[PDB]
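As structure tokens, the structure follows; a few thoughts come after it.
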Amino acid sequence: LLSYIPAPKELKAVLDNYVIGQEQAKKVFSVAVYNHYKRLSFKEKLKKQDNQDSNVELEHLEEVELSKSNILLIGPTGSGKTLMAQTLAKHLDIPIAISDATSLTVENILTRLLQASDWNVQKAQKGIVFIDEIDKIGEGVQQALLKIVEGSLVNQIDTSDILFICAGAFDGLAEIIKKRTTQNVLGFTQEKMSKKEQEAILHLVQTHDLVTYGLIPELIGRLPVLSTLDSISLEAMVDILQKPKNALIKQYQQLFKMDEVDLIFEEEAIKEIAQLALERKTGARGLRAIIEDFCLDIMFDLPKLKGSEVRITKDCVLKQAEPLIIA
Ligand SMILES: Nc1ncnc2c1ncn2[C@@H]1O[C@H](COP(=O)(O)OP(=O)(O)O)[C@@H](O)[C@H]1O
């Protein structure tokens with residue numbers, strides 16, 4: 001569907017229904033995914049149009065050389081990086097293949113994409129290639145990847161119009177943007193940056209930073225768009241449990257409702273579940289596992305609760321108590 005690329009605000013709206021926080025990154029991703037697809041669409045419009053007017057534009061669009069906006073997502077693990085990508089790829093119904101930088105301590109990647117788009121060369125060439133942990137790399141993998149990102153022919157697939165998205169935590173980058181970098185400091189500094197600032201300084205990263213980190217200028221140039229995500233705070237985590245369209249709590253309420261039980265998570269209960277996910281550093285990924293751990297018993301004997309109201313509390317969450325069944 002290169003027929004209609006929803007506006008950046010529309011895309012961002014979809015994003016908002018699944019990703020909490022990361023407002024800037026959401027904005028940057030939306031505009032970036034839009035510009036990428038507006039171009040492929042616009043470009044396709046002319047060709048079909050097949051005439052002299054639309055043919056001059058095609059030449060100018062080529063002459064001007066509109067660099068492909070491959071994206072580079074930088075943010076702590078579990079912040080919504082591949083989620084943002086997955087969310088939109090599912091909305092625009094675009095085939096997307098996720099991979100791992102470590103896999104290359106190859107063409108194999110484009111293979112999954114084909115599998116993800118029914119071997120239809122066309123849809124695959126309009127798809128997304130997600131490279132996670134681009135930060136884990138060695139100096140060879142990059143170049144081996146660069147050929148494909150830059151755009152080449154592989155056997156057959158043409159990777160020229162494939163949107164590349166690289167992601168990583170770049171654990172080191174934090175300090176690098178706090179050594180030989182602008183907005184320096186003349187005063188007496190008390191100690192190493194707190195991960196709060198060590199994650200807030202990233203939002204001030206420039207291309208020369210990714211280099212120092214160990215990224216070949218050849219690849220960084222291929223990632224015009226840099227987007228940084230924060231770490232999930234307690235408040236956002238609290239929102240993730242209840243706000244999104246597919247929020248865990250609504251899943252559990254949907255499931256309990258089928259057996260005519262009204263399931264309620266008391267505020268401090270949600271706060272406790274969220275605070276747990278952080279400690280255990282199991283992140284947002286670990287929310288379902290924490291809920292299952294104190295809900296299993298409840299779901300096991302749910303019938304003797306039919307028609308009533310089950311109220312989840314902090315104690316219950318901490319498994320220091322039973323849930324509040326209310327007639
Ligand atoms: N910002 C977020 N908003 C809502 N859910 C999130 C967010 N970040 C992470 N999650 C949850 O945790 C999982 C980790 O997702 P992901 O973004 O792909 O990780 P990473 O940022 O390391 O690439 C998601 O699939 C989702 O269920």
Side-chain angles (χ1 to χ4, degrees), residues 1-19 22-23 25-51 53-62 64-73 80-99 107 109-132 148-154 156-167 222-225 227 244-246:
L1 191 296
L2 226 46
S3 299
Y4 174 76
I5 311 306
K9 223 299 180 289
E10 290 171 52
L11 298 173
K12 201 277 195 187
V14 170
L15 241 29
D16 281 342
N17 280 178
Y18 297 79
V19 187
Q22 326 294 204
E23 213 245 354
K26 259 132 68 171
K27 199 187 295 189
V28 174
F29 197 62
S30 298
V31 172
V33 168
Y34 173 64
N35 289 337
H36 175 79
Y37 284 99
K38 170 173 60 175
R39 191 179 80 263
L40 287 188
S41 174
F42 174 77
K43 192 164 183 291
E44 170 186 293
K45 168 180 172 54
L46 304 174
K47 296 187 189 302
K48 186 207 178 61
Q49 170 161 163
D50 192 12
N51 73 27
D53 296 304
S54 71
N55 215 78
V56 176
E57 298 174 74
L58 281 177
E59 289 163 359
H60 182 255
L61 169 55
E62 258 279 305
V64 87
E65 298 164 43
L66 246 172
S67 66
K68 186 167 61 179
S69 65
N70 300 305
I71 306 83
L72 164 65
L73 293 181
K81 297 188 303 298
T82 120
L83 175 63
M84 290 199 297
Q86 286 166 167
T87 314
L88 294 183
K90 183 187 170 67
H91 185 242
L92 309 182
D93 182 357
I94 296 174
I96 174 178
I98 292 69
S99 179
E107 56 186 1
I109 300 176
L110 299 171
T111 313
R112 309 174 194 160
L113 182 59
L114 298 176
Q115 199 163 178
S117 57
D118 298 359
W119 303 84
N120 171 188
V121 183
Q122 268 36 61
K123 291 190 61 53
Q125 288 169 170
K126 295 292 168 295
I128 302 178
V129 164
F130 198 92
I131 301 310
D132 201 336
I148 296 180
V149 187
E150 197 63 66
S152 67
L153 278 294
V154 173
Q156 171 188 167
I157 177 59
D158 192 319
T159 77
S160 295
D161 295 318
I162 291 177
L163 176 61
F164 286 70
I165 306 177
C166 294
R222 285 287 65 59
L223 289 328
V225 182
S227 183
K245 261 192 183 184
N246 65 336

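We're numbering straight along the sequence, starting at 1. Excluded from the calculations below are hydrogen atoms, water molecules and symmetry mates; all remaining heavy atoms, backbone and side chain alike, are included.
- The side-chain heavy atoms of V33 and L163, taken from C-beta on, include a pair separated by under 4.5 Å.
- Of all non-hydrogen atoms in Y4 and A7, the two that sit nearest each other are OH-N, 4.1 Å.
- Interatomic distance, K123 NZ to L113 CG, rounded to the nearest 0.5 Å: 10.0 Å.
- Within the 4.5 Å cutoff, the side chain of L2 has heavy atoms near those of the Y37 side chain.
- Here the closest heavy-atom approach between residue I109 and residue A97 is recorded as O-CB, 4.4 Å.
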Worked check of side-chain contact (heavy atoms from CB on, under 4.5 Å) between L15 and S30: CA-CA 8 Å; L15 241 29; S30 298; 3.6 Å; yes
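- For the atom pair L66 CG and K68 NZ, the distance stands at 13.0 Å (nearest 0.5 Å).
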Audit row: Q22, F29, side-chain contact (heavy atoms from CB on, under 4.5 Å) steps and yes/no: CA-CA 10 Å; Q22 326 294 204; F29 197 62; over 6 Å; no
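- To the nearest 0.5 angstrom, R39 atom CZ is 8.0 Å from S67 atom OG.
- Taking both residues in full, the closest heavy atoms of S54 and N51 are given as N-OD1, 2.7 Å, listed atom of the first, atom of the second, then distance.
- Taking 4.5 Å as the limit, every side-chain heavy atom of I94 sits out of range of all side-chain heavy atoms of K126.
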Step-by-step side-chain contact (heavy atoms from CB on, under 4.5 Å) determination, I162 to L110: CA-CA 10 Å; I162 291 177; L110 299 171; 3.7 Å; yes
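- Contacts of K26 classified as side-chain hydrogen bond (donor to acceptor under 3.5 Å, both in side chains), with partners at least two apart in sequence or in another chain: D16.
- In terms of modelled atom types and a separation under 3.5 Å, the side chain of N70 and the main chain of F164 share a donor-acceptor contact.
- With contacts defined as side-chain heavy-atom distances shorter than 4.5 Å, the pair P95/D118 does not qualify.
- Side chains of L46 and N55 form no contact here, defined as non-hydrogen atoms less than 4.5 Å apart.
- Residues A32 and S69 come closest through the heavy atom pair O-OG, 3.5 Å.
- Rounding to the nearest 0.5 angstrom, the gap separating the CG atom in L72 from the NZ atom in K81 is 10.5 Å.
- Two residues are said to be in side-chain contact when any heavy atoms from C-beta on lie closer than 4.5 Å; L223 and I71 fail this criterion.
- At a threshold of 4.5 Å between non-hydrogen side-chain atoms, the residues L73 and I165 count as touching.
- A donor-acceptor pair is defined here as one N or O able to donate and one able to accept, closer than 3.5 Å; such a pair exists between the side chain of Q125 and the backbone of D158.
- When side chains are defined from C-beta on, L11 does not count as touching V14, because their heavy atoms never get closer than 4.5 Å.
- Looking at every heavy atom in both residues, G151 comes nearest to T159 through CA-OG1, 3.5 Å.
- The two residues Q122 and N120 have their closest heavy-atom pair at N-ND2, 3.0 Å.
- Rounded to the nearest 0.5 Å, atoms OG1 (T82) and CE (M84) are 9.5 Å apart.
- Put simply, CG on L88 and CD1 on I128 are 7.5 Å apart, with the number rounded to the nearest 0.5 Å.
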